[PDB]
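Below is one structure, written out as structure tokens; the observations come after it.
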Ligand SMILES: */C1=C\C(=O)C/C(C)=C\C=C\C(=O)O[C@H]([C@H](O)NC(=O)/C=C\C=C\C)C/C(C)=C/[C@@H]2COC[C@H](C1)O2
Ligand SMILES: Nc1nc2c(ncn2[C@@H]2O[C@H](COP(=O)(O)OP(=O)(O)OP(=O)(O)O)[C@@H](O)[C@H]2O)c(=O)[nH]1
Ligand SMILES: Nc1ncnc2c1ncn2[C@@H]1O[C@H](COP(=O)(O)OP(=O)(O)CP(=O)(O)O)[C@@H](O)[C@H]1O
Ligand SMILES: Nc1nc2c(ncn2[C@@H]2O[C@H](COP(=O)(O)OP(=O)(O)O)[C@@H](O)[C@H]2O)c(=O)[nH]1
Ligand SMILES: [Ca+2]
Ligand SMILES: [Ca+2]
Ligand SMILES: [Ca+2]
Ligand SMILES: [Cl-]
Ligand SMILES: [Mg+2]
Ligand SMILES: [Mg+2]
Ligand SMILES: [Mg+2]
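Protein chains in written order, with the working numbering: chain A, 1 to 57; chain B, 1 to 319; chain C, 1 to 434; chain D, 1 to 417.
Here it is in structure tokens:
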């Protein structure tokens, strides 16, 4: 039994039975945002090609 | 319908249990990695016990006790006995043994005491084999082993002056009931014992496959030694089974656990010429003698499986 | 006196936070309007309860807390519920659209846009502290906000409060109550990104809590309200040392010192007893014995088949040291308790003499004595193995991956998170198995 | 994640859509004048998802290339509840021709539809996305509906798009060209929806005829089923609860691969009443509405919704029983892939019901059937003049057939895996 501490609100003790960066975050978030922007631009391009085929028909 | 998976393809015992379960009509075998099983017939190594008992609404049972390896390897049995007070350094039914690494009990391996005392000083080195009366042969050979006192005075069967071991099959269910199958087998040598003829693992001569069953050993004990199998040997066998299994029970019991375990063990015993029984080994994954498969396997199904999963005694209970 | 700031993220974090603060008010005699008649220093002080509560001139005791969620309906319940007057709007942060159970959405897409506001609101709390010790962060593993926003927040807190401790209370996913097939992904992604930033994390598996509610409280179908009442008792036992007078775990650093000797293995198992239905009083020996029963643990796993690195017993109620010591002696001779070779085999014990408080018309009976055991055992790694195997099954077919990639996450973040987890499983194995 | 905007296009789309609004208006206590006259707070808590505001108006846009069906809608039971400006129609019809819907007549009207979609979207606090009801076998719902979806995706690329798509069958058919229009439509859906409920008219027919013993089903009887099922599958969006509570969360739980977003819906009871009975019925192929046998493939994901007062304990039990019983039909590599929700409010006329949404690889059978019916004609170029006279070339047909056969192969791949 070691380190017995007592106060009015309780007590505590130990029983031993046996000894023996902002910038890099910003960069990661922005690279992801850039990838979202790229996939969205690829999609709007594809939709624009559809609009062109529509006009041709 | 109950569901089971099979994760050990080389188990003769569980291949037969598998076959029996399906013929009830009330079990389905699932693919081996499907998690929605009632029963795992598990692999021998790295069975993922930590994945059991987390399936909402499935009572899950496996055919191995986690932690049972302690009993079922050579070095760890020796340690378990020497360090458990209920078994102890001085245990009367387990031959004097030392763990030798190629902590190491080399120094403690008592060899010199016996040499000096003119006593039989033959040992056997093994792991998970050399027999010699010379320490340095055994120590040399080992360079994790155990060195154990070799029983120089075995009981010899007549005719043919020959050594045997006894295999008992024990099933421990989910409630930790311990059942000893009432049929054991003697695995004989069929070479006369000379101090091949020393390891029981002219073949076939005295009995089919060098396997004598209990009916014939009991008859032999009656005719030649005026006693019985029950009195001379099985009292001790039952004592040892129980002592071993009760010792690990707090370490392995699945009583309050989110999954349940059962397991089949093979205990190997030697009998000395005073009719004293000694434990040699516990096998975590035994096979069975050919003629006893069907009876034992049915019994596993009745006692370990249907107990937990009812459908719509070959065993002695050790209390 | 050194303050602690609590941060509650996503549905689970917020709802658990509301249960904890309610219970904290009841333990300290703080009323719903924030008044505390027993506090005789009006307008401030440096009592132990001031670690968790500031004071206004009018005598209102205000949680040192922030609540953040990416949609509004949970935090709106805080704004209108019983304890509404405790909090000021700056403490309560909501977006409009949630992370849809997608770590990538919480971390990258929506996280980017609300993080600065969250850091501002936390800084307003930090600036009223004389000696901020650090943060307690409550969240789910499985939600997109609880997973993805939390990991982003933890990173930015390491940057802005580099010397401060951070503790987690983390809700590990369970299918009987989970709302998403992709929870294993979220759990692994957030555990990988958070691991370097958290000093100590208390995991609660919803499966274990659910089962305790069913078995010991006789609830047929536990709700979040039932789960959260139980969870808040365990949380309260853990934080009691910070909020009452005592000499054990009195600062956040000591949680690490006493429970975490190796930084990556920082996930202690909590076990709590007794849990008794509010429809026969247990001794110290009985409750202490119950701390070694898997059925009382916050994560189902088997401590007999790992090793302990530390063990702390936190008692509340009528308990004296002599009874604790006699019970430890008893249990040592009956149980499989193996410490690693490089740590002492022993217990740190704290006793707070006030019994546990129960919430009026809760499910939990009042008891004379209770205990929470915090053990750092390798057996908790069973829970990492379960999750990792689930992750493997889905990831091998790339199931649901496109949702994450579509929020601008790279696929390699999956395999990197996974690799980190395989090294964690291996760390536990080396410490834990001969 | 509040408002959904609803669009119903062409005859089928508007007939089923009218019934949907009738049924969900009854469940939320909204009368045909838009006044709330119900009993329970559950009814109003999530009303904003489908209705603008003490009058409640459906967030609904009604589209056709001919006036007839919309005139019927306006005269119909709940006809007066729709916003008058939200009826957008031309005069000329689409002649059961996808090219007319998609490229010629539809193109002339689509801008006016988008004007109204935008005015409805612009007064959303936080738009989740769009639900479209239509047939694939005609011209306006099929051709103009998929034209609309493509235009909506261009203007709202980060919003969810959900359809209730009626697939044609020879046995409940108006014209021979239905397979052509469905094939052209399906390649659009594959690309531009996040979730599509596949409703086979033959399945609806056989449920009415074989199971409900209606000796002569009308479209009206088919639609009665459909609207009930739509009511079921939207319960989670419309009432308080935890699971699949918005369109995006539902997609994240139901769609493991982007193109495999075609679901088989089901309803129980369908008998000519206990939790075990509901549960067994909802997993039976006779209760499902895509005419594919789920025993011929594997469930990727399932959502089960129970409605009424019942034991949640017994619901959890039955749901666990079904999965632990037929675990061969659930892919093993998505753990815990069946999710169950329970809403207290039952549908009209029933103490309890269940709705099933399955993402099953068996759906391939529906696409293969369409594919074969397409080929039988297309190998002789039969009936093509109706499409080439609107400007289309045979190559667009070759490409649509290829795209549909690719979808079929992709299902197959996951069925075997
Ligand atoms: C539309 C109903 C209507 O126009 C005709 C009437 C008065 C009733 C139709 C009932 C109906 O379709 O019942 C279906 C089943 O046949 N019912 C059962 O199986 C009942 C009990 C079984 C016990 C074992 C179920 C359906 C499709 C009901 C739907 C619910 O949504 C509203 C719609 C009303 O009926
Ligand atoms: N114990 C408990 N678990 C909860 C609670 N709410 C949610 N969960 C669990 O948390 C997980 C779901 O994450 P949530 O916290 O709801 O999600 P979120 O953080 O709000 O993230 P998004 O909604 O995706 O933005 C599941 O495993 C739930 O069962 C709660 O109040 N208590
Ligand atoms: N201490 C001892 N004294 C005498 N003979 C011994 C002995 N230890 C082993 N033996 C003999 O050696 C045989 C093989 O020994 P051991 O039991 O260690 O090997 P094993 O592991 O192959 C048996 P099993 O197939 O049952 O697992 C024993 O059956 C017995 O015949
Ligand atoms: N279930 C159902 N199918 C319908 C209904 N009206 C038409 N159909 C089907 O819809 C297809 C014809 O398309 P329709 O909607 O009439 O043409 P559109 O007006 O050009 O969109 C065929 O498959 C019909 O069987 C209806 O009210 N209910
Ligand atoms: Ca004060
Ligand atoms: Ca740090
Ligand atoms: Ca014109
Ligand atoms: Cl700092
Ligand atoms: Mg052996
Ligand atoms: Mg949320
Ligand atoms: Mg028509």
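Using N, Cα and C, we set each Cβ at its ideal position, and we do this for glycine too.
| said: Taking 7 Å as the cut-off, is the C-beta of residue 224 (chain D) nearer than that to any heavy atom in ligand 1? | reply: Within the fourth chain, the letter at position 224 stands for residue 224 (chain D). Yes; taking the cut-off as 7 Å, the Cβ of residue 224 (chain D) has a heavy atom of ligand 1 nearer than that.
**Asked** Using 8 Å as the threshold, is the segment 302-321 of chain C in touch with the segment 383-394 of chain C, meaning 3 or more CB pairs across them?
**Response** No, they do not touch.
I need the residues with a C-beta less than 6 Å from some heavy atom of ligand 6; please give them in chain order.
Summarising the contact set, residues whose Cβ lies nearer than 6 Å to any heavy atom of ligand 6 are, in chain order, C:158 and C:197.
Residue range of the beta strand (DSSP E) that residue 132 (chain D) falls in?
-> To locate residue 132 (chain D), count along the fourth chain from 1; it is residue 132. For residue 132 (chain D), the enclosing beta strand (DSSP E) begins and ends at 129-135.
Item to check | Given 8 Å, three or more beta-carbon pairs between the segment 132-146 of chain D and the segment 93-105 of chain C | outcome: Not touching, per the Cβ criterion.
Q. Residues in the segment 17-37 of chain B with C-beta within 7 Å of chain C's C-beta atoms, listed in sequence order?
A. Residues: none.
Determine the DSSP secondary structure at residue 428 (chain C), reduced to helix, strand or coil. Translated into the one-based positions of the third chain, residue 428 (chain C) becomes position 428. In this structure, residue 428 (chain C) counts as helix in the three-state DSSP scheme.
ask   = Excluding sequence positions up to five away, which residues of its chain have a Cβ less than 8 Å from the Cβ of residue 293 (chain D)?
value = Translated into positions along the fourth chain, residue 293 (chain D) becomes position 293. Exclusion of the five residues before and after residue 293 (chain D) leaves 285, 362 and 365 as the residues of its chain whose Cβ lies within less than 8 Å of its Cβ.
Which value, in whole angstroms, describes the spacing of the CA atoms of residue 61 (chain D) and residue 8 (chain D)? Locating residue 61 (chain D) in the fourth chain gives position 61, where the first residue counts as 1. Locating residue 8 (chain D) in the fourth chain gives position 8, where the first residue counts as 1. Rounded to whole angstroms, residue 61 (chain D) to residue 8 (chain D) spans 6 Å at the Cα level.
- Could you round the C-beta distance between residue 128 (chain C) and residue 54 (chain C) to whole angstroms and report it? I think they count as a contact, below 8 Å. Locating residue 128 (chain C) in the third chain gives position 128, where the first residue counts as 1. Locating residue 54 (chain C) in the third chain gives position 54, where the first residue counts as 1. With a Cβ gap of about 6 Å, residue 128 (chain C) and residue 54 (chain C) count as contacting.
Exercise. Closest Cβ-Cβ distance between residue 382 (chain C) and chain B: below 8 Å?
Worked result: Position 382 of the third chain, counted from the first residue, corresponds to residue 382 (chain C). With a threshold of 8 Å between beta carbons, residue 382 (chain C) makes contact with chain B.
beta-carbon residue 108 (chain D) near ligand 7 non-hydrogen atom, thresh 7 Å
Numbered from 1 along the fourth chain, position 108 holds the residue referred to as residue 108 (chain D). Yes, the Cβ of residue 108 (chain D) comes within 7 Å of a heavy atom of ligand 7.
Checklist entry - Should residue 166 (chain C) be counted as a contact of ligand 8 given a C-beta to heavy atom distance under 7 Å? => result Here the question's residue 166 (chain C) lines up with position 166 in the third chain. Because no heavy atom of ligand 8 lies under 7 Å away, the Cβ of residue 166 (chain C) does not count as near it: no.
If contact is defined by three or more beta carbon pairs under 8 Å, each pair taking one atom from either stretch, is the segment 225-244 of chain D in contact with the segment 316-325 of chain D?
Output reads no: the segment 225-244 of chain D does not touch the segment 316-325 of chain D.
*How about the segment 326-333 of chain D and the segment 261-278 of chain D: do they share at least three Cβ pairs that are nearer than 8 Å?*
Contact between the segment 326-333 of chain D and the segment 261-278 of chain D is absent: fewer than three C-beta pairs spanning the two stretches fall below 8 Å.
Same chain only: Cβ atoms within 7 Å of residue 258 (chain C), ignoring 5 sequence neighbours per side:
By 1-based counting over the third chain, the position of residue 258 (chain C) is 258. If we look at residue 258 (chain C) and ignore the five residues flanking it on each side, its Cβ neighbours are 249, 310, 312 and 348.
ask   = Cβ of residue 212 (chain B) versus every heavy atom of ligand 3: is any distance shorter than 7 Å?
value = Here residue 212 (chain B) corresponds to residue number 212 of the second chain, with the count starting at 1. Because no heavy atom of ligand 3 lies under 7 Å away, the Cβ of residue 212 (chain B) does not count as near it: no.
Can you find a C-beta in chain C that's less than 8 Å from the C-beta of residue 102 (chain B)?
-> Within the second chain, residue 102 (chain B) is the residue found at index 102, counting from 1. Judged by the 8 Å Cβ criterion, residue 102 (chain B) is not in contact with chain C.
>> Using a Cβ-based criterion (distance less than 7 Å to any ligand heavy atom), does residue 148 (chain B) qualify as near ligand 3?
In response: Counting from one through the second chain, the residue named residue 148 (chain B) turns up at place 148. Flag set: Cβ of residue 148 (chain B) near ligand 3.
Q.
Quick check on residue 8 (chain D): does DSSP put it in helix, strand or coil?
A. The residue labelled residue 8 (chain D) in the question sits at position 8 within the fourth chain. Note: residue 8 (chain D) maps to strand in three-state DSSP.
- Query: If residue 344 (chain C) sits next to residue 16 (chain A), beta carbons under 8 Å apart, how far is it from one beta carbon to the other, in whole angstroms?
  - Reply: What you label residue 344 (chain C) is simply residue 344 of the third chain in a count that begins at 1. What you label residue 16 (chain A) is simply residue 16 of the first chain in a count that begins at 1. A Cβ-Cβ distance of about 5 Å is found for the pair residue 344 (chain C) and residue 16 (chain A), placing them in contact under the 8 Å criterion.
Listed in chain order, which residues of the segment 341-354 of chain C have Cβ atoms closer than 8 Å to some Cβ of chain A? Going along the segment 341-354 of chain C in chain order, one finds 341, 342, 343, 344, 345, 346, 347, 348, 349, 350, 351, 352, 353 and 354 with a Cβ nearer than 8 Å to chain A.
(request) Compare the C-beta of residue 327 (chain D) with all C-beta atoms of chain B and state if any pair is closer than 8 Å. (result) Reading the fourth chain from its first residue, position 327 is the one you call residue 327 (chain D). Output row for residue 327 (chain D): interface = yes.
Closer than 8 Å by beta-carbon distance: list the chain C residues that pair up with residue 14 (chain A), in chain order. As a working note, residue 14 (chain A) is residue 14 in the first chain. Residues of chain C whose Cβ lies closer than 8 Å to the Cβ of residue 14 (chain A) are, in chain order, 346, 347, 348 and 349.
Chain E residues whose Cβ lies nearer than 8 Å to that of residue 66 (chain B):
The structure shown contains no chain E; its protein chains are A, B, C and D.
Please state if the CB of residue 186 (chain D) and the CB of residue 397 (chain D) are separated by a distance shorter than 8 Å. Your numbering for residue 397 (chain D) matches position 397 in the fourth chain. Your numbering for residue 186 (chain D) matches position 186 in the fourth chain. Result no, Cβ atoms of residue 397 (chain D) and residue 186 (chain D) do not sit closer than 8 Å.
*asked:* Quick check: is the beta carbon of residue 120 (chain C) nearer than 8 Å to any beta carbon in chain A?
replied: As a first step, residue 120 (chain C) is located in the third chain; it is residue number 120 there, counting from the start. Chain A contact via Cβ: absent.
What does the shell around ligand 11 hold, if a residue joins when its beta-carbon is under 6 Å from any heavy atom? Going along the chain, the residues that qualify are D:11, D:138 and D:174.
| said: Give me, in chain order, the residues of the same chain whose beta-carbon lies closer than 8 Å to that of residue 167 (chain C); leave out the 5 immediate sequence neighbours on both sides. | reply: For this step, residue 167 (chain C) is matched to residue 167 along the third chain. Around residue 167 (chain C), the same chain offers 134, 135, 136, 137, 198, 199, 200, 201, 202, 252 and 255 as residues with beta carbons nearer than 8 Å, after the five sequence neighbours per side are excluded.
What residues does ligand 9 have around it, judged by CB closer than 6 Å to any heavy atom, in chain order?
In chain order, the residues with a C-beta atom nearer than 6 Å to some heavy atom of ligand 9 are B:281 and B:283.
Inset, instruction - Enumerate in chain order the residues of its own chain whose CB-to-CB distance from residue 32 (chain B) is below 8 Å, with the five nearest sequence positions on each side excluded. - result: What you label residue 32 (chain B) is simply residue 32 of the second chain in a count that begins at 1. Scanning its chain for C-beta atoms nearer than 8 Å, with the 5 sequence neighbours on each side dropped, one finds around residue 32 (chain B) the residues 5, 6 and 7, in chain order.
For this session: Just grab the DSSP bridge partners of residue 216 (chain D) for me.
Result: Within the fourth chain, the letter at position 216 stands for residue 216 (chain D). Its beta-bridge partners do not exist; DSSP assigns none.
Determine the burial state of residue 1 (chain B): buried for a count of at least 16 other Cβ atoms within 10 Å of its Cβ, exposed for fewer.
What you label residue 1 (chain B) is simply residue 1 of the second chain in a count that begins at 1. Counting the other CB atoms within 10 Å of its CB gives residue 1 (chain B) a total below 16, which places it among the exposed residues.
Exercise. In chain C, what lies closer than 9 Å to residue 18 (chain A) by C-beta?
Worked result: Reading the first chain from its first residue, position 18 is the one you call residue 18 (chain A). Here the neighbours are 339, 344, 345 and 346.
- Skipping 5 residues on each side, what residues in its chain have a beta carbon closer than 6 Å to that of residue 5 (chain C)? Reading the third chain from its first residue, position 5 is the one you call residue 5 (chain C). 64, 125 and 135.
Give me the chain D residues within the contact set of residue 1 (chain A), using Cβ-Cβ distance strictly less than 9 Å, ordered along the chain. The residue you call residue 1 (chain A) lines up with position 1 of the first chain. Within chain D, no residue comes near residue 1 (chain A); the closest Cβ sits about 48 Å away, beyond 9 Å.
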